[PDB]
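Everything below belongs to target_38.cif, which stores mmCIF, N, CA and C atoms.
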data_my_file
#
loop_
_atom_site.label_atom_id
_atom_site.label_comp_id
_atom_site.auth_asym_id
_atom_site.auth_seq_id
_atom_site.Cartn_x
_atom_site.Cartn_y
_atom_site.Cartn_z
N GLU A 721 39.93 23.16 8.02
CA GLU A 721 40.87 22.77 9.07
C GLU A 721 40.15 21.97 10.15
N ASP A 722 40.94 21.31 11.00
CA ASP A 722 40.37 20.43 12.01
C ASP A 722 39.45 21.20 12.94
N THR A 723 38.39 20.53 13.39
CA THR A 723 37.37 21.12 14.23
C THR A 723 37.14 20.24 15.45
N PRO A 724 36.67 20.82 16.56
CA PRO A 724 36.27 19.98 17.70
C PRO A 724 35.14 19.04 17.31
N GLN A 725 35.18 17.83 17.86
CA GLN A 725 34.16 16.82 17.60
C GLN A 725 33.71 16.21 18.91
N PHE A 726 32.43 15.84 18.96
CA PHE A 726 31.83 15.28 20.16
C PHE A 726 31.88 13.76 20.06
N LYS A 727 32.52 13.12 21.02
CA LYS A 727 32.64 11.67 21.05
C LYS A 727 31.74 11.13 22.15
N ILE A 728 30.76 10.31 21.77
CA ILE A 728 29.85 9.67 22.71
C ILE A 728 30.20 8.19 22.75
N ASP A 729 30.63 7.72 23.91
CA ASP A 729 30.97 6.32 24.10
C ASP A 729 29.75 5.57 24.60
N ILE A 730 29.37 4.51 23.90
CA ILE A 730 28.25 3.66 24.27
C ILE A 730 28.82 2.37 24.84
N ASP A 731 28.47 2.07 26.09
CA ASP A 731 28.91 0.85 26.75
C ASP A 731 27.91 -0.25 26.42
N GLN A 732 28.33 -1.19 25.56
CA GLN A 732 27.44 -2.25 25.14
C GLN A 732 27.01 -3.11 26.32
N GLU A 733 27.95 -3.41 27.23
CA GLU A 733 27.64 -4.27 28.36
C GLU A 733 26.57 -3.65 29.25
N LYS A 734 26.69 -2.36 29.54
CA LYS A 734 25.69 -1.70 30.38
C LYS A 734 24.33 -1.69 29.69
N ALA A 735 24.31 -1.42 28.39
CA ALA A 735 23.04 -1.42 27.67
C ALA A 735 22.38 -2.78 27.73
N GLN A 736 23.16 -3.85 27.54
CA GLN A 736 22.60 -5.19 27.65
C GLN A 736 22.11 -5.47 29.07
N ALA A 737 22.86 -5.04 30.08
CA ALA A 737 22.45 -5.26 31.46
C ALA A 737 21.15 -4.53 31.78
N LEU A 738 20.91 -3.39 31.14
CA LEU A 738 19.67 -2.65 31.32
C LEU A 738 18.58 -3.11 30.36
N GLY A 739 18.84 -4.12 29.54
CA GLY A 739 17.85 -4.60 28.60
C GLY A 739 17.51 -3.61 27.50
N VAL A 740 18.52 -2.95 26.93
CA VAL A 740 18.34 -2.00 25.85
C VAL A 740 19.12 -2.51 24.64
N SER A 741 18.43 -2.66 23.52
CA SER A 741 19.07 -3.16 22.31
C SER A 741 19.98 -2.10 21.70
N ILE A 742 21.09 -2.55 21.12
CA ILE A 742 22.02 -1.63 20.49
C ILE A 742 21.39 -0.97 19.27
N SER A 743 20.57 -1.71 18.53
CA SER A 743 19.91 -1.14 17.37
C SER A 743 19.02 0.03 17.77
N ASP A 744 18.28 -0.12 18.87
CA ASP A 744 17.45 0.98 19.35
C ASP A 744 18.29 2.20 19.69
N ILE A 745 19.42 1.99 20.35
CA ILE A 745 20.28 3.11 20.74
C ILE A 745 20.80 3.83 19.51
N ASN A 746 21.33 3.08 18.55
CA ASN A 746 21.89 3.70 17.36
C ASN A 746 20.82 4.41 16.55
N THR A 747 19.64 3.79 16.40
CA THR A 747 18.57 4.44 15.65
C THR A 747 18.11 5.71 16.35
N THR A 748 17.95 5.67 17.67
CA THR A 748 17.54 6.87 18.39
C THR A 748 18.55 7.99 18.20
N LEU A 749 19.84 7.69 18.38
CA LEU A 749 20.86 8.72 18.23
C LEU A 749 20.85 9.29 16.82
N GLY A 750 20.91 8.42 15.81
CA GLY A 750 20.99 8.90 14.44
C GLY A 750 19.77 9.70 14.04
N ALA A 751 18.58 9.20 14.35
CA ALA A 751 17.36 9.90 13.97
C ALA A 751 17.25 11.23 14.68
N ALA A 752 17.41 11.24 16.01
CA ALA A 752 17.23 12.48 16.75
C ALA A 752 18.24 13.54 16.35
N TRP A 753 19.51 13.15 16.18
CA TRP A 753 20.56 14.13 15.98
C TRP A 753 21.03 14.25 14.53
N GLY A 754 20.77 13.25 13.70
CA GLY A 754 21.24 13.28 12.32
C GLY A 754 20.13 13.29 11.30
N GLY A 755 18.92 12.93 11.72
CA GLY A 755 17.78 12.91 10.83
C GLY A 755 17.73 11.64 10.00
N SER A 756 16.57 11.00 9.98
CA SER A 756 16.39 9.71 9.32
C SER A 756 15.40 9.86 8.19
N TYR A 757 15.75 9.32 7.03
CA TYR A 757 14.88 9.33 5.85
C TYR A 757 14.04 8.06 5.87
N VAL A 758 12.74 8.21 6.13
CA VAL A 758 11.89 7.04 6.32
C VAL A 758 11.40 6.50 4.98
N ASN A 759 10.61 7.28 4.26
CA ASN A 759 10.05 6.87 2.97
C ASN A 759 9.52 8.12 2.28
N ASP A 760 8.79 7.94 1.18
CA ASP A 760 8.33 9.04 0.35
C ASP A 760 6.88 9.39 0.66
N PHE A 761 6.41 10.46 0.02
CA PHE A 761 5.00 10.82 0.08
C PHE A 761 4.71 11.63 -1.18
N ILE A 762 3.43 11.82 -1.47
CA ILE A 762 3.01 12.53 -2.67
C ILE A 762 2.60 13.94 -2.27
N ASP A 763 3.33 14.94 -2.77
CA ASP A 763 3.05 16.35 -2.51
C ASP A 763 2.64 16.99 -3.83
N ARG A 764 1.35 17.32 -3.95
CA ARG A 764 0.84 17.93 -5.17
C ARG A 764 1.20 17.08 -6.39
N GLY A 765 1.13 15.76 -6.21
CA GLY A 765 1.39 14.82 -7.28
C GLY A 765 2.83 14.43 -7.48
N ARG A 766 3.76 15.00 -6.72
CA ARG A 766 5.18 14.71 -6.87
C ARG A 766 5.68 13.91 -5.68
N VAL A 767 6.62 13.00 -5.94
CA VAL A 767 7.18 12.14 -4.91
C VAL A 767 8.26 12.90 -4.17
N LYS A 768 8.12 13.00 -2.85
CA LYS A 768 9.05 13.73 -2.00
C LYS A 768 9.36 12.91 -0.76
N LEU B 673 7.64 2.97 -37.70
CA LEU B 673 6.90 4.17 -37.36
C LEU B 673 5.45 3.81 -37.05
N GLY B 674 4.68 4.80 -36.64
CA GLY B 674 3.28 4.62 -36.34
C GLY B 674 2.40 4.88 -37.54
N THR B 675 1.19 5.37 -37.27
CA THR B 675 0.28 5.70 -38.36
C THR B 675 0.84 6.82 -39.23
N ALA B 676 1.49 7.81 -38.61
CA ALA B 676 2.08 8.93 -39.33
C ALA B 676 1.03 9.73 -40.09
N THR B 677 -0.20 9.75 -39.58
CA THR B 677 -1.28 10.55 -40.14
C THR B 677 -1.89 11.40 -39.04
N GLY B 678 -2.21 12.65 -39.37
CA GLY B 678 -2.79 13.54 -38.39
C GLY B 678 -1.72 14.16 -37.50
N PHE B 679 -2.11 14.42 -36.25
CA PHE B 679 -1.22 15.05 -35.29
C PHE B 679 -1.31 14.33 -33.95
N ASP B 680 -0.25 14.47 -33.15
CA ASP B 680 -0.16 13.90 -31.82
C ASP B 680 -0.07 15.04 -30.81
N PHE B 681 -1.10 15.19 -29.99
CA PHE B 681 -1.23 16.32 -29.07
C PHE B 681 -1.22 15.80 -27.64
N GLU B 682 -0.44 16.45 -26.78
CA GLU B 682 -0.33 16.08 -25.38
C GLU B 682 -0.81 17.25 -24.53
N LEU B 683 -1.68 16.97 -23.57
CA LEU B 683 -2.24 17.99 -22.69
C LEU B 683 -1.58 17.83 -21.32
N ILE B 684 -0.49 18.55 -21.11
CA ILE B 684 0.31 18.40 -19.90
C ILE B 684 -0.31 19.20 -18.75
N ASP B 685 0.04 18.81 -17.53
CA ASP B 685 -0.43 19.45 -16.30
C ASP B 685 0.75 20.15 -15.65
N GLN B 686 0.84 21.46 -15.84
CA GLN B 686 2.01 22.23 -15.43
C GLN B 686 1.80 22.98 -14.12
N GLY B 687 0.71 22.72 -13.41
CA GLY B 687 0.46 23.41 -12.16
C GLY B 687 0.06 22.48 -11.02
N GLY B 688 0.24 21.18 -11.21
CA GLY B 688 -0.14 20.23 -10.18
C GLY B 688 -1.61 20.25 -9.86
N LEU B 689 -2.46 20.34 -10.89
CA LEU B 689 -3.90 20.43 -10.69
C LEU B 689 -4.55 19.08 -10.41
N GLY B 690 -3.85 17.98 -10.63
CA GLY B 690 -4.39 16.66 -10.37
C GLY B 690 -4.92 16.01 -11.64
N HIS B 691 -5.46 14.81 -11.45
CA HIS B 691 -6.04 14.08 -12.57
C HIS B 691 -7.42 14.60 -12.93
N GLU B 692 -8.24 14.96 -11.94
CA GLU B 692 -9.59 15.42 -12.23
C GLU B 692 -9.58 16.73 -13.00
N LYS B 693 -8.75 17.68 -12.57
CA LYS B 693 -8.66 18.95 -13.28
C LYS B 693 -8.14 18.75 -14.70
N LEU B 694 -7.14 17.89 -14.87
CA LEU B 694 -6.60 17.63 -16.20
C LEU B 694 -7.66 17.00 -17.11
N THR B 695 -8.42 16.04 -16.59
CA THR B 695 -9.48 15.43 -17.38
C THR B 695 -10.57 16.44 -17.72
N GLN B 696 -10.91 17.32 -16.78
CA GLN B 696 -11.90 18.35 -17.07
C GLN B 696 -11.41 19.27 -18.17
N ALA B 697 -10.12 19.64 -18.14
CA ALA B 697 -9.58 20.48 -19.20
C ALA B 697 -9.58 19.76 -20.54
N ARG B 698 -9.27 18.46 -20.55
CA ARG B 698 -9.34 17.71 -21.80
C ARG B 698 -10.76 17.69 -22.34
N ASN B 699 -11.74 17.48 -21.47
CA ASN B 699 -13.14 17.51 -21.90
C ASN B 699 -13.52 18.87 -22.45
N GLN B 700 -13.05 19.94 -21.80
CA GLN B 700 -13.31 21.28 -22.30
C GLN B 700 -12.72 21.48 -23.69
N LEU B 701 -11.47 21.04 -23.89
CA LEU B 701 -10.85 21.15 -25.21
C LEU B 701 -11.63 20.37 -26.25
N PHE B 702 -12.11 19.18 -25.89
CA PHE B 702 -12.94 18.41 -26.81
C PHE B 702 -14.21 19.17 -27.15
N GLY B 703 -14.81 19.82 -26.17
CA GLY B 703 -15.96 20.66 -26.45
C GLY B 703 -15.63 21.79 -27.40
N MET B 704 -14.42 22.33 -27.31
CA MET B 704 -14.03 23.42 -28.20
C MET B 704 -13.82 22.93 -29.63
N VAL B 705 -13.10 21.82 -29.81
CA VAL B 705 -12.82 21.34 -31.15
C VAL B 705 -14.09 20.83 -31.84
N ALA B 706 -15.13 20.50 -31.07
CA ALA B 706 -16.38 20.07 -31.68
C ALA B 706 -17.06 21.20 -32.45
N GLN B 707 -16.65 22.44 -32.22
CA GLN B 707 -17.25 23.60 -32.88
C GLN B 707 -16.54 23.97 -34.18
N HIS B 708 -15.53 23.21 -34.59
CA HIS B 708 -14.78 23.47 -35.82
C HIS B 708 -14.69 22.18 -36.63
N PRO B 709 -15.82 21.68 -37.14
CA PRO B 709 -15.78 20.43 -37.92
C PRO B 709 -15.09 20.58 -39.26
N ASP B 710 -14.89 21.80 -39.74
CA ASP B 710 -14.30 22.03 -41.05
C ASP B 710 -12.78 22.08 -41.03
N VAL B 711 -12.15 22.09 -39.85
CA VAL B 711 -10.71 22.14 -39.73
C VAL B 711 -10.15 20.92 -39.00
N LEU B 712 -10.79 20.51 -37.92
CA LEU B 712 -10.37 19.35 -37.14
C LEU B 712 -11.39 18.24 -37.30
N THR B 713 -10.91 17.03 -37.59
CA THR B 713 -11.77 15.87 -37.74
C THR B 713 -11.16 14.69 -37.00
N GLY B 714 -12.01 13.92 -36.34
CA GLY B 714 -11.57 12.72 -35.65
C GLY B 714 -10.63 12.96 -34.50
N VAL B 715 -10.91 13.96 -33.67
CA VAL B 715 -10.09 14.24 -32.49
C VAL B 715 -10.60 13.39 -31.34
N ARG B 716 -9.76 12.50 -30.84
CA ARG B 716 -10.13 11.52 -29.84
C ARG B 716 -8.98 11.33 -28.87
N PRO B 717 -9.25 10.77 -27.69
CA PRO B 717 -8.16 10.45 -26.76
C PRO B 717 -7.35 9.25 -27.24
N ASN B 718 -6.17 9.10 -26.64
CA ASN B 718 -5.35 7.91 -26.82
C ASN B 718 -5.16 7.16 -25.51
N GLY B 719 -6.12 7.25 -24.60
CA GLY B 719 -6.02 6.61 -23.30
C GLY B 719 -7.37 6.11 -22.83
N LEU B 720 -7.36 5.52 -21.64
CA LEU B 720 -8.53 4.88 -21.06
C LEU B 720 -9.19 5.80 -20.04
#
As structure tokens, please, write out the structure in this file.
Amino acid sequence: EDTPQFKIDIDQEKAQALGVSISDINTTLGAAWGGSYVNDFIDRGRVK
Amino acid sequence: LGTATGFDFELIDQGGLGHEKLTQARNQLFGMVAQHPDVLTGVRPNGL
């Protein structure tokens, strides 16, 4: 059933006026709160 | 088909021991089969 959701409004104009790129904002939000998959590594010989 | 003579044996690494441990185990097995010239003949690797 429906659940409460958090809506964060990003003002593009203010970000531009402060010299902050939109890509940086979106990447920061997604990585910090949603987790970002960067690349792989070898753990005991297996790719993870 | 291939040669279709003899046997094809694979020495798998089921514990994540690495390449060095696997090669050491293969060398040990070669040392073992060298003691039975009357049953096993021409046991050699198929790799570099």
Using only N, CA and C atoms, find which residues of chain B lie within 7 Å of chain A and jot them down as a ChimeraX atom specification. /B:688-690
Export of the given selection (N, CA and C atoms) as a compact mmCIF listing (two decimals), in the coordinates of the input:
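Output file part11.txt is given in full below:
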# COMPACT_ATOMS: atom_id res chain seq x y z
N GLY B 688 0.24 21.18 -11.21
CA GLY B 688 -0.14 20.23 -10.18
C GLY B 688 -1.61 20.25 -9.86
N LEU B 689 -2.46 20.34 -10.89
CA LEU B 689 -3.90 20.43 -10.69
C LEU B 689 -4.55 19.08 -10.41
N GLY B 690 -3.85 17.98 -10.63
CA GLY B 690 -4.39 16.66 -10.37
C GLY B 690 -4.92 16.01 -11.64
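Taking only chain B, the residues that DSSP calls alpha helix (DSSP H) from the backbone come to residues 690, 691, 692, 693, 694, 695, 696, 697, 698, 699, 700, 701, 702, 703, 704 and 705 of chain B.
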Have a look at CA of residue 699 in chain B and CA of residue 675 in chain B and let me know their distance in Å, one decimal.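 Separation between CA of residue 699 in chain B and CA of residue 675 in chain B: 24.3 Å.
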Around range 691-709 of chain B, fit a box with edges along x, y and z, padding it by 4 Å on each side, then list its centre and edge lengths in Å to one decimal as AutoDock Vina command-line options.
--center_x -11.4 --center_y 19.0 --center_z -25.4 --size_x 19.8 --size_y 17.9 --size_z 35.8
Nearest candidate to residue 714 in chain B (options B:693, B:678, B:673, B:686; using only C-alpha atoms):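 Once distances to residue 714 in chain B are computed over only C-alpha atoms, the minimum belongs to B:678.
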